[PDB]
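Okay, structure first, notes after.
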Amino acid sequence: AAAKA
Amino acid sequence: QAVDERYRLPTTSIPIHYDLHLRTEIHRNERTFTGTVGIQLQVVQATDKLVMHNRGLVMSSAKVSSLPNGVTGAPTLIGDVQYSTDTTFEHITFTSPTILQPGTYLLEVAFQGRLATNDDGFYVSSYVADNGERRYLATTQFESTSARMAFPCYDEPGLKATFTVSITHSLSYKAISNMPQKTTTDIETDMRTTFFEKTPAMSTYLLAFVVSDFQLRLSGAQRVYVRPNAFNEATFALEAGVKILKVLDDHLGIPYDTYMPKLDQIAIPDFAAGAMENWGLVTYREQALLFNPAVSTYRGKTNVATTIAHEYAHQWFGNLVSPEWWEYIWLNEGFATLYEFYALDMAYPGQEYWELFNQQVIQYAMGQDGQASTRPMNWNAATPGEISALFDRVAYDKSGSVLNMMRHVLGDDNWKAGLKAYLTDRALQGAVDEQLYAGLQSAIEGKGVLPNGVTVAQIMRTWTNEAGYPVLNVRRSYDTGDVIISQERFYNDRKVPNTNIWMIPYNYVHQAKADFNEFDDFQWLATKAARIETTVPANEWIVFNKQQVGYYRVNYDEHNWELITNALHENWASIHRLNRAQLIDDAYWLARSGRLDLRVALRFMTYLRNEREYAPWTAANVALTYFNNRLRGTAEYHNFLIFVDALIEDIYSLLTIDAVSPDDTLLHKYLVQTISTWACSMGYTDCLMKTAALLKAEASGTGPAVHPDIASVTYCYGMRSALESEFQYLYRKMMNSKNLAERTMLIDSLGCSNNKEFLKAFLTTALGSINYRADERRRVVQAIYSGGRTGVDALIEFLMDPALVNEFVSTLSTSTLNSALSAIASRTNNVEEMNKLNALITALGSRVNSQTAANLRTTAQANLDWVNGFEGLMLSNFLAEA
Amino acid sequence: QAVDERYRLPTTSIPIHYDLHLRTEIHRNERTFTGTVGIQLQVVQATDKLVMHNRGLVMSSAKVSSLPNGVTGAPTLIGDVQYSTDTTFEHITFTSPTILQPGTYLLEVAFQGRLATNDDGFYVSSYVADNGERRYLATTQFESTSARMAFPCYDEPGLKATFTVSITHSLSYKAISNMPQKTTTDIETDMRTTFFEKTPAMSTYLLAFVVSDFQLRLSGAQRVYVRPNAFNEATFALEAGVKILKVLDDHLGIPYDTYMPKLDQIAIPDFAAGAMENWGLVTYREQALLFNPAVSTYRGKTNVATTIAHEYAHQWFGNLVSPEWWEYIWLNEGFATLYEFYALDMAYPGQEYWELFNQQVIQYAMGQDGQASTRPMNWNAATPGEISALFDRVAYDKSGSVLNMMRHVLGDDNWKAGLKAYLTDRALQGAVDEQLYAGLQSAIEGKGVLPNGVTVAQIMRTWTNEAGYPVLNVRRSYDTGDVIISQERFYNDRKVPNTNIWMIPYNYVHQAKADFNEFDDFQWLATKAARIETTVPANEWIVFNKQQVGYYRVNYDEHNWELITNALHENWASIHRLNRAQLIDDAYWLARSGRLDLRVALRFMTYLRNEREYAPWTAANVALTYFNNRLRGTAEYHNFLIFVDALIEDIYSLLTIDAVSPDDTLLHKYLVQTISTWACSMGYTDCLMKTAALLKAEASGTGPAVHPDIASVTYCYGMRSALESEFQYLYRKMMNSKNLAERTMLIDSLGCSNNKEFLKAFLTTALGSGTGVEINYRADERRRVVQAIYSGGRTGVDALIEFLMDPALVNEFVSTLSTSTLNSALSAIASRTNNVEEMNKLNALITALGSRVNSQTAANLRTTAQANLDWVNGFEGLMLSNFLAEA
Ligand SMILES: [Cu+2]
Ligand SMILES: [Zn+2]
Ligand SMILES: [Zn+2]
């Protein structure tokens, strides 16, 4: 995924 | 000694092909769903029972048949089968009347589930149309282990299979999925079944489908889907997707269309991660995909651009080549993080996106990886929680930093070649650690790029199988022309000897020959320490890690630290700006760990008066932030302010009022944001008055809207001592925006008022029920305490009132309460604040148990103590300038 | 001479039809609600004022009209009306400007209320979703007298009316009710009105509606509603409902769908009873409907099954035919209790569910009904408290036992026919006891199943209008050999002559001909006593009540008690296991009441060495528990342990370690639980070590989860001397469970630690809240922790006393739980002090508590404690211990 910053 | 488990599936049976049909009436807010799956599978070890995964599903029927001639050819009914599920291992077992013998079979199950509301399986999402009506959609998120929530399957990434998906849904809604539509068929009076083309060999975690009334924009074989009232914000994503996909096609030498005829991107209103790389159908939270140039910041645009780059990279690294098991999850997330910045830079050359990598990935990685709890890249897991926990800063930023290190060591073309070998080799299959090293090796076999006798695998194993990273110590027997270097594991926190020996690539650079741009001269330390014979005068500085490409910190003798320091005072641009950034962050952390005299590191930072570039100031901003937070409530705080004023006041010859000229770069924008932020923190009246005026100009009519690239700063400071009309203006603006990122920035901005009565009223709006999402109500609390000490006080005063904690807790959870309490604790720095905190704990009574209270006090006391610890004394001391 | 009251409604007016609309915004946690009701009513006696019920509601407007052409015809406005409400009688009076004359009128009221939080009217309930958010729902409970809390109405069960219900609510929530949905209509920006089809004639206490974001599963005309994150635990209930409804349809010969097109079941997170039989929409507490085979016990599964069977029975006995007034509430609860087991057995034949009836209902009923305070089945009431109080062991288990007695006396087919006659006769109407007797009689008129002179009513009145039950004495004349039988009322407590004469059906069985399975040979005692002439040798035993079908105890002369005793020593299975169970429980209670030499009864129980079946051991368990509790802290206790050790150790040739093979029956499971529970209570080291290992195996990873059907035992005993890791494990497991029955079992299980420091920390968690994302107890669960600790054994009592010595600790204790919880725990401690040394601890606490305790309550505690200490030197207690001269 891409995670949340 | 890593013990794991028997959560792994029995190895007796193996999937071949899933034929999945699901029905959802989510258009009507019906949240049950029904499904059938026909699973073609191979028995390898004869068995009476087939074991696969299920979380939450209720079977209604099941039967087996054999396929005597493979997968084409007819089935022959064996019998109804028995099903039972183990809730703990989440294994469902189908049990046949007969024992099946090594062959091909077809299992057929009908089942029923329900749509999750925690954004995890097949779940529900929603949005509000322009007319105020709420509209629902069904969507998916499987990575980790959630494909098992939508259909019974062999939910392990190594058990790749083909998937043929069909979905029944409202004629008035659309279904999309990994593969293109194969055919519609209208049915009943209301509904339709959409059929999809069969997938290639892929893992269950990448399967995806969405049933909605969304819209598309497009360009060739690529679309972007959005809720109808976000249509105007989808343009950038579509541009970026086209450019990025092509760069990756060329660079890796395997086109995406080699395996897939289209690639969709979709913005999902309720989404847990930032985005998910499902093959052909990539999901994003809205803030990671939508952009609107009237209100989105350059940061926001950067987030969209990097995220797209990240998830497109996965189409190869993850989707085409998937991890055999989660132990090697960095095989996905390391490459995605590297290409997050590299492919994007190749797709928008001259926007200096690649510079962002050093601070946002390398230095960021080292921070977490300097802790004693950090893991090695290779690290196994068994339970669903253990698997999610692998998706951390090691899998992402660390892996990405070491891969960046390797890339430079091997050279561009060898690197590309190596990867093409890997991808080609493991295409449509699983990958482990060693298969990658093989690939990279092949592209340099015989080419003598590595010293003789050394594999790619020899090197990478030292980095891959060991927690943390080294610091490379460099001691010069100066006036005598030698250097000794040595390596030990770096901790943020402690010095503890370690047996393992990293194979470390290094180079170095001296003051007369100051060239940092070549990477031909790579040297190796393959032992604990070494003598380097050399040519360099005792008067010239040396610096070791060229552009911080090597994943290690560097410490020098105070001599060489002072040479360096002097050289950057006389000419601040004499050393490469990334190396200046390395020195700043290295000095910072070396001092914190007590591997370097704080006095030296602080001396080294005085050079920043003259500094003018993005990287070093970004590095500096982390060190300064730490000191700022520890000094804040204390007496010595004034001297800190003075010290930092000294550092910035020059470079504060930018434009912050209207900063935005069409010719100023991305990097310039970051730089402006960092410097103006500090000036306003410190109360520069120039900064506070200009921001205040701009906001006033936009809220009044006097002037245009504040340009987005300066809005973050301007809206926060600017609100500091603003009056009711500007606070209300900004508040109504937020409530009317249907843009999440905007809303968040405005919520944070309102949080920066110094007016406690505004803050409390603001907090009241987050309670009760205006149109906050749950996450936004929480955000309001966070904005208030993150604004400054005055908001914290406003928050404490609010929670003292028991009727108020009542409202507070009934609409946000108690977890939001404990969260706020921790936040308040992290920000108490003095006796007067400690009193306020203790008064609150006590006032809260039975809401705070003994353990938690002890914790809050512990973190608060650590702050009070900090002021007279060795660090803190050393620092208050140094801030005795005159 | 039962005096009652004027809490009854005036009789001047009578309801016909209610047209009810309510609005709730509970989706938003708004707890106010608004309503309108249009009530078509008939005036019978000319009046100026219409009196009906209201508890808590605030009227905003009201008016009346006449209906000259009936209920189809048009209304003609009479005038606005005046309203006033008497809080004590809960009567609301609407007063018209004009005096209304005997005809049909339409009253129209607008009103506003607020949702209850004591799970009683229209009230609020809640749950935590899969994303950690708390979700609200509005739901109802009316039985007794709570319909008056949601709308003004003639809230008496004999005043049946039709109901047409509509509810306005969030578009994102659903409304269900007794009847099917007739139609949705969307409104405003976010709200909807759901409309329901008109009900048949029914009582106000059975009206029900629920506004929630729950989900359904279904099968034909039936659904089960649950909170979304309980979806997979709803499977069993849906199966059981289908099977049970069909059994009842056939058996009673009136299908449910004769009157109703669907039947819903819903699991309500906050629910006071176990369940409520609202016609078409049956509510359950979660523990009475959800089942999850990974954690739920066989007991849990039995609770669900019996509850569904119980409430489905009510669709006929209670809904279709309702009590004219609460005096005849057994007309409901008796039949529901019988069919609680009987319909279920018919629905799952071979699972031996019907066996459970003898111990769980019959013997259970006799326990309470042997007290002097017990009431006759027919017993009237007036106040809301008096009405609730009728819902007791007499209305339920006693009634159910006598009905079971009648059923066997009449025969299946006659019984069925009788009930069909009853139900058909009183359909959509009220019932009283005589109307039931009529029905049953008709199905046997002329069939000569009862003796010449005798009605069904003649018999039942003896049982219905008289408190308590008889003991049937059987005195033998061994040589002649004849038998004399006689009846007197049985008390637990005393022997006091009684003038009333039960018409008692009996039969009997002798040692050579040992057949207990037929019921063609019923004989009657219709007088105080009788001589039975007979054929039986002085060497053969006789036993009277075949399978304890008759609702009476039986006593014998000591010689016959000794014949019996010997017979079961030589062959323990020579007598029907229900009759063995009768003998055990009879001997026990006859001895306690002093109608039989304790020595004899104890001698009779020795046969249990060889006993191997569920019923007798379940019976024995009750006797043994009593002796165990009186001897516990005492010197003679050792001799009790020996004596019991003798009784079990044989039968302790089961598997308790891993008991569960797929082929073990339900009854086997109960048995295994009862035996292993005793062995572990006594300190059998085999028992203590096996449970301990299992718990360790699961809390470690070493091994599987413990199978649910032996978790109760294993988790409690295995916790006895367990270490901090196993205690913390089980504790975290409870915290993370969203399953209420599981949580309760784990709370009890943690209670069984012998580590006092664990227990006190454990208790501390029940006071105030929990850490971070962590979860806390419901109010009921906090109380449960206290109870788990003191019920665990004397060590947990001691931990609780030590806790309450600290004044700062009683402070926390009392602020989060009541003072009422404090006194309650004090009484519990007092009940369990049996020593000088324990008496000392108690007195130290009382004194330490100081001004928390007044004189009366401090006296009481000492009193009950002292009552224990004294028991050891009573005649009982001296008779026992004496008898514990083993060899
Ligand atoms: Cu309210
Ligand atoms: Zn990723
Ligand atoms: Zn009942």
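Chain lettering (A, B, ...) mirrors the order of the structure tokens, residue numbering begins at 1 for each chain separately, and ligand numbering begins at 1 in order of display.
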
Could you find all residues in range 379-587 of chain B that DSSP calls helix (DSSP H, G or I) from the backbone, and write them as a ChimeraX atom specification?
/B:384-389,394-410,412-426,433-442,456-464,546-548,558-570,577-587

Please produce, as a tab-separated table, a per-residue contact table for chain B versus chain C (criterion: any atom at most 8 Å away, only C-alpha atoms considered), showing the nearest atom pair and its distance in Å to one decimal, sorted by chain then residue number.
```
residue	atom	partner	partner_atom	distance
B:29	CA	C:172	CA	7.5
B:31	CA	C:215	CA	7.7
B:32	CA	C:215	CA	7.6
B:56	CA	C:232	CA	6.5
B:57	CA	C:232	CA	7.1
B:58	CA	C:232	CA	6.2
B:86	CA	C:294	CA	7.2
B:87	CA	C:294	CA	6.8
B:114	CA	C:228	CA	7.5
B:116	CA	C:130	CA	7.5
B:117	CA	C:131	CA	6.4
B:118	CA	C:131	CA	4.6
B:132	CA	C:189	CA	6.8
B:133	CA	C:189	CA	6.6
B:769	CA	C:28	CA	7.6
B:813	CA	C:133	CA	7.3
B:814	CA	C:772	CA	7.4
B:815	CA	C:773	CA	4.9
B:818	CA	C:772	CA	5.5
B:819	CA	C:772	CA	7.2
B:846	CA	C:768	CA	4.5
B:847	CA	C:769	CA	5.4
B:848	CA	C:769	CA	6.7
B:849	CA	C:769	CA	6.3
B:851	CA	C:771	CA	7.6
B:852	CA	C:771	CA	6.4
```

Let me have all residues with an atom within 10 Å of ligand 1, counting only C-alpha atoms and all ligand atoms, laid out as an MDAnalysis selection string.
(chainID B and resid 768) or (chainID C and resid 25:26 28:33 114:115)

For the residues in the current selection, export N, CA and C atoms as a PDB file, in the first residue's frame.
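out-v3.pdb was written with the following content:
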```
ATOM      1  N   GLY B 768     -21.715  16.617  19.509  1.00  0.00           N
ATOM      2  CA  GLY B 768     -23.171  16.650  19.436  1.00  0.00           C
ATOM      3  C   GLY B 768     -23.758  16.344  18.065  1.00  0.00           C
TER       4      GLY B 768
ATOM      5  N   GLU C  25     -35.235  10.203  16.537  1.00  0.00           N
ATOM      6  CA  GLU C  25     -33.951  10.492  15.889  1.00  0.00           C
ATOM      7  C   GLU C  25     -32.802   9.862  16.698  1.00  0.00           C
ATOM      8  N   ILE C  26     -33.042   8.629  17.144  1.00  0.00           N
ATOM      9  CA  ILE C  26     -32.079   7.886  17.970  1.00  0.00           C
ATOM     10  C   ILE C  26     -30.741   7.589  17.245  1.00  0.00           C
ATOM     11  N   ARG C  28     -29.013   9.650  15.982  1.00  0.00           N
ATOM     12  CA  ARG C  28     -28.191  10.791  16.308  1.00  0.00           C
ATOM     13  C   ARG C  28     -27.952  10.864  17.821  1.00  0.00           C
ATOM     14  N   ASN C  29     -28.364   9.835  18.537  1.00  0.00           N
ATOM     15  CA  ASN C  29     -28.471   9.900  19.981  1.00  0.00           C
ATOM     16  C   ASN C  29     -29.403  10.976  20.562  1.00  0.00           C
ATOM     17  N   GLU C  30     -30.351  11.493  19.773  1.00  0.00           N
ATOM     18  CA  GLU C  30     -31.489  12.248  20.307  1.00  0.00           C
ATOM     19  C   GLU C  30     -32.481  11.342  21.011  1.00  0.00           C
ATOM     20  N   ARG C  31     -32.742  11.614  22.275  1.00  0.00           N
ATOM     21  CA  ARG C  31     -33.514  10.720  23.117  1.00  0.00           C
ATOM     22  C   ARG C  31     -34.944  11.177  23.353  1.00  0.00           C
ATOM     23  N   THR C  32     -35.362  12.241  22.709  1.00  0.00           N
ATOM     24  CA  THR C  32     -36.745  12.663  22.781  1.00  0.00           C
ATOM     25  C   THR C  32     -37.526  11.954  21.692  1.00  0.00           C
ATOM     26  N   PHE C  33     -38.796  11.715  21.919  1.00  0.00           N
ATOM     27  CA  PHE C  33     -39.611  11.177  20.874  1.00  0.00           C
ATOM     28  C   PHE C  33     -41.001  11.783  20.889  1.00  0.00           C
ATOM     29  N   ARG C 114     -39.777  10.686  26.320  1.00  0.00           N
ATOM     30  CA  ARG C 114     -38.346  10.528  26.260  1.00  0.00           C
ATOM     31  C   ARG C 114     -37.928   9.053  26.433  1.00  0.00           C
ATOM     32  N   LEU C 115     -36.933   8.587  25.692  1.00  0.00           N
ATOM     33  CA  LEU C 115     -36.528   7.175  25.752  1.00  0.00           C
ATOM     34  C   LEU C 115     -36.021   6.766  27.138  1.00  0.00           C
TER      35      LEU C 115
END
```

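Distance check against residue 1 in chain A using only C-alpha atoms: of B:344, B:282, B:882, B:567, the minimum falls on B:282.
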
Give me the residues within 7 Å of residue 124 in chain B as a PyMOL selection string, counting only C-alpha atoms and dropping any in the same chain fewer than 3 places off.
chain B and resi 115-117+136-139

Selection above as a file: N, CA and C atoms, as a short mmCIF file (atom, residue, chain, number, x, y, z; two decimals), in the first residue's frame:
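part.cif written:
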```
data_model
loop_
_atom_site.label_atom_id
_atom_site.label_comp_id
_atom_site.auth_asym_id
_atom_site.auth_seq_id
_atom_site.Cartn_x
_atom_site.Cartn_y
_atom_site.Cartn_z
N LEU B 115 -21.20 -6.38 4.49
CA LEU B 115 -20.19 -5.33 4.23
C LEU B 115 -19.58 -4.71 5.49
N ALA B 116 -18.27 -4.70 5.57
CA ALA B 116 -17.64 -4.16 6.77
C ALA B 116 -17.93 -2.65 6.90
N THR B 117 -17.70 -2.05 8.08
CA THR B 117 -17.78 -0.61 8.22
C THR B 117 -16.54 -0.05 8.83
N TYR B 136 -24.28 5.51 -1.33
CA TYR B 136 -23.43 4.43 -0.85
C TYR B 136 -22.70 3.80 -2.00
N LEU B 137 -21.61 3.12 -1.67
CA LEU B 137 -20.88 2.31 -2.62
C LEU B 137 -20.18 1.16 -1.90
N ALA B 138 -19.96 0.06 -2.60
CA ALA B 138 -19.25 -1.06 -2.03
C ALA B 138 -17.89 -1.10 -2.67
N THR B 139 -16.88 -1.38 -1.86
CA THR B 139 -15.53 -1.38 -2.35
C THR B 139 -14.70 -2.33 -1.54
#
```

Would you list which chain B residues are within 8 Å of chain A using only C-alpha atoms, as a list in words?
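Only these qualify: residues 143, 273, 274, 275, 276, 277, 307, 310, 311 and 333 of chain B.
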
Kindly indicate which residue among B:190, B:250, B:585, B:445 lies nearest to residue 358 in chain B, using only C-alpha atoms for the distances.
B:585

Who sits within 8 Å of residue 468 in chain B, only C-alpha atoms, same chain under 4 positions skipped, as a list in words:
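Once the adjacent positions are removed, what remains is residues 369, 370, 371, 374, 375, 376, 489, 490 and 491 of chain B.
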
Could you give me, as a PyMOL selection string, every polymer residue with an atom at most 12 Å away from an atom of ligand 2, counting only C-alpha atoms and all ligand atoms?
(chain A and resi 1-4) or (chain B and resi 143-144+206+273-278+282-284+306-319+322+329-340+391-393+395-397+399-400)

Write out the residues from the selection above, keeping C-alpha atoms, as a PDB file, in the first residue's frame.
```pdb
ATOM      1  CA  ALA A   1       0.000   0.000   0.000  1.00  0.00           C
ATOM      2  CA  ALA A   2       0.971   3.617   0.564  1.00  0.00           C
ATOM      3  CA  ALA A   3       0.651   4.396   4.296  1.00  0.00           C
ATOM      4  CA  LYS A   4      -0.905   7.607   5.784  1.00  0.00           C
TER       5      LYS A   4
ATOM      6  CA  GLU B 143      -3.820  -6.476   1.484  1.00  0.00           C
ATOM      7  CA  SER B 144      -2.685  -8.192   4.575  1.00  0.00           C
ATOM      8  CA  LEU B 206      -4.653  -7.787  -5.021  1.00  0.00           C
ATOM      9  CA  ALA B 273      -4.305   3.537   4.095  1.00  0.00           C
ATOM     10  CA  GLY B 274      -3.152   6.193   1.638  1.00  0.00           C
ATOM     11  CA  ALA B 275      -3.646   3.878  -1.356  1.00  0.00           C
ATOM     12  CA  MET B 276      -3.668   0.224  -2.510  1.00  0.00           C
ATOM     13  CA  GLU B 277      -1.934  -1.130  -5.658  1.00  0.00           C
ATOM     14  CA  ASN B 278      -4.574  -3.693  -6.773  1.00  0.00           C
ATOM     15  CA  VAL B 282      -5.573   1.215  -7.695  1.00  0.00           C
ATOM     16  CA  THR B 283      -7.531   2.665  -4.772  1.00  0.00           C
ATOM     17  CA  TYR B 284      -6.722   5.949  -3.107  1.00  0.00           C
ATOM     18  CA  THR B 306       4.410  10.410  -5.063  1.00  0.00           C
ATOM     19  CA  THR B 307       1.502   8.161  -4.158  1.00  0.00           C
ATOM     20  CA  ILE B 308       0.688   7.486  -7.778  1.00  0.00           C
ATOM     21  CA  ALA B 309       4.318   6.815  -8.434  1.00  0.00           C
ATOM     22  CA  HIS B 310       4.410   4.512  -5.415  1.00  0.00           C
ATOM     23  CA  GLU B 311       1.403   2.409  -6.430  1.00  0.00           C
ATOM     24  CA  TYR B 312       2.350   2.234 -10.140  1.00  0.00           C
ATOM     25  CA  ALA B 313       5.750   0.875  -9.149  1.00  0.00           C
ATOM     26  CA  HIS B 314       3.839  -1.967  -7.411  1.00  0.00           C
ATOM     27  CA  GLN B 315       2.336  -3.106 -10.735  1.00  0.00           C
ATOM     28  CA  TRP B 316       5.754  -4.711 -11.228  1.00  0.00           C
ATOM     29  CA  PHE B 317       7.015  -4.881  -7.619  1.00  0.00           C
ATOM     30  CA  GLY B 318       4.162  -6.611  -5.902  1.00  0.00           C
ATOM     31  CA  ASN B 319       1.689  -7.503  -8.620  1.00  0.00           C
ATOM     32  CA  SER B 322       4.709 -10.862  -5.477  1.00  0.00           C
ATOM     33  CA  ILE B 329       7.223  -7.804   2.089  1.00  0.00           C
ATOM     34  CA  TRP B 330      10.040  -5.289   1.632  1.00  0.00           C
ATOM     35  CA  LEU B 331      10.402  -6.744  -1.871  1.00  0.00           C
ATOM     36  CA  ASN B 332       7.207  -4.750  -2.548  1.00  0.00           C
ATOM     37  CA  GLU B 333       7.416  -1.773  -0.249  1.00  0.00           C
ATOM     38  CA  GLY B 334      11.127  -1.042  -0.610  1.00  0.00           C
ATOM     39  CA  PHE B 335      10.960  -0.679  -4.377  1.00  0.00           C
ATOM     40  CA  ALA B 336       7.687   1.265  -4.168  1.00  0.00           C
ATOM     41  CA  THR B 337       9.283   3.751  -1.761  1.00  0.00           C
ATOM     42  CA  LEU B 338      12.373   4.202  -3.899  1.00  0.00           C
ATOM     43  CA  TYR B 339      10.361   4.622  -7.098  1.00  0.00           C
ATOM     44  CA  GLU B 340       7.891   6.814  -5.204  1.00  0.00           C
ATOM     45  CA  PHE B 391       4.078  -2.640   7.208  1.00  0.00           C
ATOM     46  CA  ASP B 392       6.290  -0.227   9.065  1.00  0.00           C
ATOM     47  CA  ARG B 393       9.198   2.141   8.586  1.00  0.00           C
ATOM     48  CA  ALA B 395       9.612  -2.300   5.132  1.00  0.00           C
ATOM     49  CA  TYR B 396       9.175   1.126   3.545  1.00  0.00           C
ATOM     50  CA  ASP B 397      11.783   3.820   4.121  1.00  0.00           C
ATOM     51  CA  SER B 399      14.412  -0.809   2.515  1.00  0.00           C
ATOM     52  CA  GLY B 400      14.056   2.071   0.117  1.00  0.00           C
TER      53      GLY B 400
END
```

Contact residues around residue 191 in chain C with only C-alpha atoms at 7 Å, ignoring same-chain residues under 5 positions, as a PyMOL selection string
chain C and resi 168-171+186

Would you mind listing what lies within 7 Å of residue 647 in chain C as an MDAnalysis selection string, with only C-alpha atoms counted and same-chain residues fewer than 3 positions away left out?
chainID C and resid 606 608:609 643:644

Would you kindly return, as JSON, numbers by chain, each protein, DNA or RNA residue with an atom no farther than 7 Å from any atom of residue 244 in chain B, considering only C-alpha atoms and excluding same-chain residues fewer than 2 positions away?
{"B": [240, 241, 242, 246, 247, 248, 309, 343, 344, 347]}

What does the structure give for the distance between CA of residue 14 in chain C and CA of residue 100 in chain C, in Å to one decimal?
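Computing it gives 13.1 Å between the two atoms.
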